[PDB]
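Q: Below you'll find coords_26.txt; it's compact mmCIF, N, CA and C atoms.
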# COMPACT_ATOMS: atom_id res chain seq x y z
N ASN A 347 45.99 28.37 14.42
CA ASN A 347 45.81 29.37 15.47
C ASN A 347 44.38 29.47 15.97
N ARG A 348 43.77 28.33 16.29
CA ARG A 348 42.43 28.31 16.87
C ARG A 348 41.45 29.13 16.02
N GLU A 349 41.09 28.59 14.87
CA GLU A 349 40.24 29.36 13.97
C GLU A 349 38.79 29.08 14.33
N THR A 350 38.15 30.05 14.98
CA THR A 350 36.79 29.92 15.47
C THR A 350 35.76 30.63 14.60
N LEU A 351 36.19 31.33 13.54
CA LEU A 351 35.27 32.18 12.80
C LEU A 351 34.15 31.37 12.16
N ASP A 352 34.52 30.41 11.30
CA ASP A 352 33.55 29.64 10.52
C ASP A 352 32.59 30.53 9.74
N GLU A 353 31.29 30.25 9.81
CA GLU A 353 30.29 31.11 9.18
C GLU A 353 28.97 30.95 9.91
N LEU A 354 28.34 32.08 10.25
CA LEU A 354 26.94 32.11 10.68
C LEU A 354 26.30 33.36 10.08
N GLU A 355 25.22 33.18 9.32
CA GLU A 355 24.71 34.33 8.58
C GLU A 355 23.25 34.68 8.85
N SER A 356 22.33 34.06 8.12
CA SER A 356 20.92 34.48 8.12
C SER A 356 19.89 33.97 9.10
N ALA A 357 20.28 33.13 10.04
CA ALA A 357 19.28 32.58 10.94
C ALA A 357 18.01 32.30 10.15
N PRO A 358 18.01 31.26 9.31
CA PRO A 358 17.05 31.19 8.20
C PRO A 358 15.60 31.11 8.67
N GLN A 359 14.70 31.45 7.75
CA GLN A 359 13.28 31.38 8.01
C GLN A 359 12.86 29.94 8.26
N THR A 360 11.91 29.75 9.16
CA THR A 360 11.52 28.44 9.64
C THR A 360 10.01 28.26 9.51
N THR A 361 9.59 27.00 9.47
CA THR A 361 8.18 26.67 9.36
C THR A 361 7.84 25.55 10.33
N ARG A 362 6.59 25.51 10.74
CA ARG A 362 6.09 24.46 11.62
C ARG A 362 5.53 23.35 10.75
N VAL A 363 6.11 22.16 10.85
CA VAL A 363 5.79 21.05 9.97
C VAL A 363 5.39 19.86 10.82
N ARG A 364 4.40 19.10 10.36
CA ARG A 364 4.00 17.91 11.09
C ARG A 364 5.02 16.82 10.84
N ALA A 365 5.69 16.40 11.90
CA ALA A 365 6.70 15.37 11.87
C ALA A 365 6.36 14.37 12.95
N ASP A 366 7.25 13.41 13.17
CA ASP A 366 7.09 12.47 14.26
C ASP A 366 8.43 12.33 14.96
N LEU A 367 8.51 12.82 16.19
CA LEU A 367 9.75 12.87 16.93
C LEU A 367 9.68 11.92 18.10
N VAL A 368 10.65 11.03 18.20
CA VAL A 368 10.72 10.11 19.31
C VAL A 368 12.06 10.31 20.01
N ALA A 369 12.06 10.09 21.32
CA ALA A 369 13.26 10.20 22.12
C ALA A 369 13.76 8.79 22.41
N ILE A 370 14.89 8.44 21.82
CA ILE A 370 15.53 7.15 22.03
C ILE A 370 16.83 7.42 22.77
N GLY A 371 16.89 7.02 24.02
CA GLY A 371 18.05 7.37 24.81
C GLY A 371 18.07 8.86 25.05
N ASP A 372 19.23 9.47 24.82
CA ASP A 372 19.40 10.90 25.03
C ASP A 372 19.15 11.73 23.78
N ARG A 373 18.69 11.11 22.70
CA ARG A 373 18.58 11.79 21.42
C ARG A 373 17.13 11.95 21.02
N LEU A 374 16.85 13.01 20.27
CA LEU A 374 15.54 13.21 19.66
C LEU A 374 15.69 13.01 18.17
N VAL A 375 14.84 12.18 17.60
CA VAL A 375 15.00 11.72 16.24
C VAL A 375 13.63 11.69 15.58
N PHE A 376 13.61 11.84 14.27
CA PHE A 376 12.40 11.79 13.46
C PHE A 376 12.02 10.39 13.01
N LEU A 377 10.78 9.95 13.19
CA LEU A 377 10.41 8.67 12.60
C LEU A 377 9.78 8.98 11.26
N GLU A 378 10.45 8.60 10.19
CA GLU A 378 9.95 8.82 8.85
C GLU A 378 9.74 7.46 8.22
N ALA A 379 8.52 7.19 7.80
CA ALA A 379 8.24 6.14 6.84
C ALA A 379 7.58 6.82 5.66
N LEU A 380 8.29 6.91 4.55
CA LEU A 380 7.79 7.64 3.40
C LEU A 380 7.41 6.60 2.36
N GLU A 381 6.13 6.29 2.27
CA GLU A 381 5.63 5.44 1.21
C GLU A 381 4.37 6.10 0.70
N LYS A 382 3.35 6.15 1.55
CA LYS A 382 2.18 6.96 1.24
C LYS A 382 2.59 8.39 0.93
N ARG A 383 3.60 8.90 1.62
CA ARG A 383 4.02 10.28 1.40
C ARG A 383 4.54 10.48 -0.01
N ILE A 384 5.49 9.65 -0.45
CA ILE A 384 6.12 9.95 -1.74
C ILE A 384 6.07 8.74 -2.67
N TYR A 385 6.60 7.59 -2.26
CA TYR A 385 6.63 6.44 -3.17
C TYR A 385 5.25 5.89 -3.54
N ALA A 386 4.16 6.41 -2.98
CA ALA A 386 2.85 5.76 -2.99
C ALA A 386 2.37 5.23 -4.34
N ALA A 387 1.94 6.11 -5.23
CA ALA A 387 1.33 5.70 -6.49
C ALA A 387 2.33 5.67 -7.64
N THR A 388 3.61 5.89 -7.35
CA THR A 388 4.58 6.25 -8.37
C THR A 388 5.17 5.06 -9.11
N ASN A 389 4.99 3.84 -8.60
CA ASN A 389 5.53 2.60 -9.16
C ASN A 389 7.03 2.44 -8.94
N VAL A 390 7.70 3.39 -8.31
CA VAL A 390 9.10 3.20 -7.93
C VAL A 390 9.13 2.45 -6.61
N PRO A 391 10.00 1.45 -6.45
CA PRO A 391 10.05 0.72 -5.19
C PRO A 391 10.63 1.55 -4.06
N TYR A 392 10.29 1.14 -2.85
CA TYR A 392 10.72 1.82 -1.65
C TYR A 392 12.05 1.24 -1.21
N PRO A 393 13.13 2.03 -1.18
CA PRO A 393 14.46 1.44 -0.99
C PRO A 393 14.65 0.70 0.30
N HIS B 100 -5.21 11.05 -11.45
CA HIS B 100 -3.92 11.45 -11.98
C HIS B 100 -2.84 10.97 -11.02
N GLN B 101 -1.71 10.53 -11.56
CA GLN B 101 -0.80 9.84 -10.67
C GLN B 101 0.53 10.58 -10.56
N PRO B 102 1.13 10.60 -9.38
CA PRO B 102 2.41 11.26 -9.20
C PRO B 102 3.54 10.38 -9.70
N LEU B 103 4.67 11.01 -9.99
CA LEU B 103 5.83 10.25 -10.41
C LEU B 103 7.08 10.78 -9.72
N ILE B 104 8.11 9.94 -9.73
CA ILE B 104 9.40 10.23 -9.13
C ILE B 104 10.42 10.30 -10.24
N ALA B 105 11.33 11.26 -10.15
CA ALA B 105 12.33 11.45 -11.19
C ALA B 105 13.56 10.62 -10.87
N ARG B 106 13.85 9.65 -11.71
CA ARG B 106 14.90 8.68 -11.48
C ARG B 106 16.20 9.14 -12.13
N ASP B 107 17.32 8.74 -11.57
CA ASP B 107 18.58 9.07 -12.18
C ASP B 107 19.24 7.77 -12.55
N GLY B 108 19.71 7.63 -13.78
CA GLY B 108 20.38 6.40 -14.15
C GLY B 108 19.86 5.72 -15.38
N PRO B 109 20.27 4.41 -15.56
CA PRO B 109 19.72 3.77 -16.75
C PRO B 109 18.35 3.24 -16.38
N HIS B 110 17.47 4.17 -16.04
CA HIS B 110 16.10 3.86 -15.69
C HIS B 110 15.37 4.61 -16.76
N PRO B 111 14.43 3.97 -17.45
CA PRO B 111 13.73 4.70 -18.51
C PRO B 111 12.86 5.80 -17.97
N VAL B 112 12.96 6.98 -18.59
CA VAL B 112 12.37 8.18 -18.02
C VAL B 112 10.85 8.05 -17.99
N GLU B 113 10.27 8.26 -16.82
CA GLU B 113 8.84 8.09 -16.63
C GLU B 113 8.13 9.41 -16.88
N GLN B 114 6.97 9.32 -17.51
CA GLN B 114 6.14 10.47 -17.79
C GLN B 114 4.75 10.25 -17.21
N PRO B 115 4.04 11.33 -16.88
CA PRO B 115 2.81 11.20 -16.10
C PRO B 115 1.80 10.30 -16.77
N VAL B 116 1.02 9.61 -15.96
CA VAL B 116 -0.07 8.80 -16.48
C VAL B 116 -1.38 9.31 -15.91
N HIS B 117 -2.45 9.09 -16.65
CA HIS B 117 -3.76 9.57 -16.29
C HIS B 117 -4.76 8.45 -16.52
N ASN B 118 -5.82 8.42 -15.73
CA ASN B 118 -6.74 7.30 -15.75
C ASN B 118 -8.18 7.78 -15.77
N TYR B 119 -8.88 7.33 -16.79
CA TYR B 119 -10.24 7.69 -17.01
C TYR B 119 -10.94 6.39 -17.04
N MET B 120 -11.94 6.27 -16.18
CA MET B 120 -12.71 5.07 -16.06
C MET B 120 -14.11 5.53 -15.86
N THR B 121 -15.06 4.68 -16.16
CA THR B 121 -16.44 5.06 -16.01
C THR B 121 -17.37 3.91 -15.62
N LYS B 122 -17.66 3.80 -14.33
CA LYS B 122 -18.64 2.81 -13.82
C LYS B 122 -20.14 3.11 -13.94
N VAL B 123 -20.88 2.11 -14.39
CA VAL B 123 -22.32 2.23 -14.65
C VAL B 123 -23.21 1.85 -13.49
N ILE B 124 -24.10 2.75 -13.09
CA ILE B 124 -24.96 2.53 -11.96
C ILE B 124 -25.80 1.29 -12.06
N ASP B 125 -25.67 0.44 -11.06
CA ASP B 125 -26.43 -0.77 -10.98
C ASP B 125 -27.81 -0.45 -10.57
N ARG B 126 -28.77 -1.17 -11.10
CA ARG B 126 -30.15 -0.86 -10.89
C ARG B 126 -30.88 -1.91 -10.16
N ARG B 127 -31.90 -1.50 -9.46
CA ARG B 127 -32.70 -2.46 -8.71
C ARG B 127 -34.05 -1.84 -8.35
N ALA B 128 -34.99 -2.68 -7.90
CA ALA B 128 -36.25 -2.22 -7.34
C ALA B 128 -36.73 -3.14 -6.23
N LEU B 129 -37.47 -2.58 -5.26
CA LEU B 129 -37.93 -3.27 -4.06
C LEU B 129 -39.45 -3.38 -4.03
N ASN B 130 -39.97 -4.27 -3.19
CA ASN B 130 -41.40 -4.58 -3.17
C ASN B 130 -41.91 -4.77 -1.74
N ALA B 131 -43.24 -4.71 -1.60
CA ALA B 131 -44.00 -5.02 -0.39
C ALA B 131 -45.48 -4.81 -0.69
N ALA B 132 -46.35 -5.47 0.08
CA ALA B 132 -47.79 -5.40 -0.16
C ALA B 132 -48.57 -5.41 1.14
N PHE B 133 -49.44 -4.41 1.35
CA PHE B 133 -50.25 -4.29 2.55
C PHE B 133 -51.70 -4.72 2.36
N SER B 134 -52.00 -5.55 1.37
CA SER B 134 -53.35 -5.71 0.83
C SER B 134 -54.45 -5.73 1.88
N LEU B 135 -55.54 -5.03 1.55
CA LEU B 135 -56.72 -4.71 2.34
C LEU B 135 -57.73 -5.86 2.34
N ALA B 136 -58.59 -5.86 3.36
CA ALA B 136 -59.63 -6.87 3.55
C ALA B 136 -60.97 -6.37 3.02
N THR B 137 -61.76 -7.30 2.49
CA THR B 137 -63.00 -6.96 1.80
C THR B 137 -63.92 -6.11 2.67
N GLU B 138 -64.38 -6.68 3.79
CA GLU B 138 -65.27 -5.94 4.68
C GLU B 138 -64.67 -4.61 5.09
N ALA B 139 -63.36 -4.56 5.30
CA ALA B 139 -62.73 -3.31 5.73
C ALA B 139 -62.94 -2.20 4.73
N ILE B 140 -63.02 -2.53 3.44
CA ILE B 140 -63.35 -1.52 2.44
C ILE B 140 -64.73 -0.95 2.73
N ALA B 141 -65.74 -1.82 2.72
CA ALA B 141 -67.12 -1.40 2.87
C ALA B 141 -67.36 -0.66 4.17
N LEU B 142 -66.40 -0.66 5.08
CA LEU B 142 -66.47 0.21 6.25
C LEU B 142 -65.84 1.57 5.97
N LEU B 143 -64.54 1.59 5.67
CA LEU B 143 -63.84 2.86 5.58
C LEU B 143 -64.30 3.70 4.41
N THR B 144 -64.87 3.08 3.38
CA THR B 144 -65.40 3.85 2.27
C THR B 144 -66.82 4.32 2.51
N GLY B 145 -67.31 4.07 3.72
CA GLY B 145 -68.68 4.35 4.07
C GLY B 145 -69.19 3.24 3.20
N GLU B 146 -70.34 3.40 2.57
CA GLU B 146 -70.84 2.40 1.63
C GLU B 146 -71.47 1.20 2.32
N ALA B 147 -71.28 1.14 3.63
CA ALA B 147 -71.83 0.07 4.47
C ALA B 147 -71.97 0.64 5.87
N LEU B 148 -72.95 1.51 6.06
CA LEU B 148 -73.12 2.14 7.35
C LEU B 148 -74.60 2.40 7.52
Can you give me the file's structure in the form of structure tokens?
A:
Amino acid sequence: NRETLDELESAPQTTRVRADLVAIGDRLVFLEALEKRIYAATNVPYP
Amino acid sequence: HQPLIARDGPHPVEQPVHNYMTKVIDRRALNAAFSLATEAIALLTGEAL
């Protein structure tokens, strides 16, 4: 019977974060290369 | 001090590592010479006037 309720609750708290956003076609997407960020000194390989 | 990533699986559990190293200052000395002329002494020191 057309169930539209779903859930919307807290409009959560947000923060301004330095990211990298590129527009490819009609979409906005994040360019993430995480090596220096996380894998850097850890000796775990970058997948 | 080095960061680590927490692995899941048959990966041996990693624990933090720390690095203490100590480099010794290299030493050196420099030179130059402006050596003075004989007559020039007997002028600037008075002594010849």
Q: Got a sec to pull out which chain B residues are within 8 Å of chain A, counting all atoms listed in the file, and send them as a list in words?
A: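 Residues passing the distance filter: residues 101, 102, 103 and 104 of chain B.
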Q: Using only N, CA and C atoms, please write the residues we just selected to a file, as an mmCIF file, keeping the file's coordinate frame.
A:
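The resulting part_25.cif:
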data_model
loop_
_atom_site.group_PDB
_atom_site.id
_atom_site.type_symbol
_atom_site.label_atom_id
_atom_site.label_comp_id
_atom_site.auth_asym_id
_atom_site.auth_seq_id
_atom_site.Cartn_x
_atom_site.Cartn_y
_atom_site.Cartn_z
ATOM 1 N N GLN B 101 -1.710 10.530 -11.560
ATOM 2 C CA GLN B 101 -0.800 9.840 -10.670
ATOM 3 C C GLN B 101 0.530 10.580 -10.560
ATOM 4 N N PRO B 102 1.130 10.600 -9.380
ATOM 5 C CA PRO B 102 2.410 11.260 -9.200
ATOM 6 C C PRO B 102 3.540 10.380 -9.700
ATOM 7 N N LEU B 103 4.670 11.010 -9.990
ATOM 8 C CA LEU B 103 5.830 10.250 -10.410
ATOM 9 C C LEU B 103 7.080 10.780 -9.720
ATOM 10 N N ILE B 104 8.110 9.940 -9.730
ATOM 11 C CA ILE B 104 9.400 10.230 -9.130
ATOM 12 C C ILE B 104 10.420 10.300 -10.240
#
Q: Kindly give the distance, in Å, that separates atom N of residue 365 in chain A and CA of residue 378 in chain A, rounded to a single decimal.
A: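 Pair atom N of residue 365 in chain A / CA of residue 378 in chain A returns 9.2 Å.
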Q: By how many Å are atom C of residue 110 in chain B and atom C of residue 383 in chain A apart?
A: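 Pair atom C of residue 110 in chain B / atom C of residue 383 in chain A returns 20.8 Å.
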Q: Report, in Å with one decimal, the straight-line distance from atom N of residue 381 in chain A to CA of residue 393 in chain A.
A: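 A separation of 10.2 Å between them.
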Q: Would you be able to write out as a PyMOL selection string which residues have an atom within 7 Å of (9.9, 12.2, 17.8) in the file's coordinates, counting all atoms listed in the file?
A: chain A and resi 365-369+374-377
Q: Edge lengths and centre in Å to one decimal, as lines of an AutoDock Vina configuration file, is what I'm after for the box along x, y and z that holds all listed atoms of range 123-132 of chain B once 3 Å is added on each side.
A:
center_x = -34.7
center_y = -1.4
center_z = -6.8
size_x = 33.7
size_y = 14.2
size_z = 21.8
